[PDB]
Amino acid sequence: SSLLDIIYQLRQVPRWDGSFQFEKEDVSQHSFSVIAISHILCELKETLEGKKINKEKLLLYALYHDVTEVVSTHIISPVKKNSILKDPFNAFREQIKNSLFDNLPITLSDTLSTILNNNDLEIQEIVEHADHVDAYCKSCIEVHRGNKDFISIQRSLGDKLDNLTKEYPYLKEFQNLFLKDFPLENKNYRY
């Protein structure tokens, strides 16, 4: 099976192609952050919208949400969202899904296929929001480092986030708890 190799190979997939970064980011670091953000958003959403989400499936979906970029590489959204490329890249992403996991036990094989082809719309939407939050946070850290080239990136991500908070109250709550002073200049928790 290639599955363990793929998990480590995600470190070789860079994000933010074409932008100067003070800190280079790979898909594994991004996915770690998306898992944690997805968990936090889930807890907030459960309490506000009065429900219980299946966190096993949510966390596993977040964990593997970008695993196909080991084949496609990471195509930045200004490129992937172009009308010329939008549908073909989703079709390509779908082709990678249907091919990735071959030499496994049916316990793993079925469970891996279930995760990749997940049709739980709410879990997909939570991870999509977590994905946007993480992109915003990265842009905040770069700006904080002094990277003027991410100012316009932070602004458009922040504008899209603001609009999402008007429609998803759990995102507004997340914004209020964490995204108003981010990152922290004083990491008091270290001392």
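Only the largest set of C-alpha atoms that superpose within 1.5 Å between the two forms is called the rigid core. For every residue, the number given is its place in the sequence shown, counted from 1.
*Asks:* Do you reckon 117 to 125 or 100 to 108 strays further from the shown form in 4 other deposited structures of this protein, measuring C-alpha RMS after a core fit?
*Replies:* Once the cores are fitted, 100 to 108 deviates more in 4 other deposited structures of this protein.
*Asks:* Per the record, averaged over C-alpha atoms, which has the higher B-factor: 95 to 103 or 69 to 77?
*Replies:* Averaging CA B-factors over each stretch, the winner is 95 to 103.
*Asks:* Decide which of the stretches 156 to 164 and 136 to 144 has the higher mean C-alpha B-factor, going by the entry.
*Replies:* Of 156 to 164 and 136 to 144, the stretch with the higher C-alpha B-factor average is 156 to 164.
*Asks:* Splitting the chain's C-alpha B-factors into thirds, which one does residue 26 fall into?
*Replies:* Lowest third - that is where residue 26 ends up once the chain's C-alpha B-factors are sorted.
*Asks:* Ranked by Cα temperature factor within the chain, is residue 52 in the lowest third, the middle third or the highest third?
*Replies:* It falls in the top third of the chain.
*Asks:* Based on the deposited C-alpha B factors for this chain, I'd like to know if residue 11 is in the lowest, middle or highest third.
*Replies:* For residue 11, the deposited C-alpha B-factor lands in the lowest third.
*Asks:* Using the B-factor values recorded in the entry, state whether the Cα atom of residue 3 falls in the lowest, middle or highest third among the modelled residues of its chain.
*Replies:* Its C-alpha B-factor, which the entry lists for residue 3, ranks in the middle third among residues of this chain.
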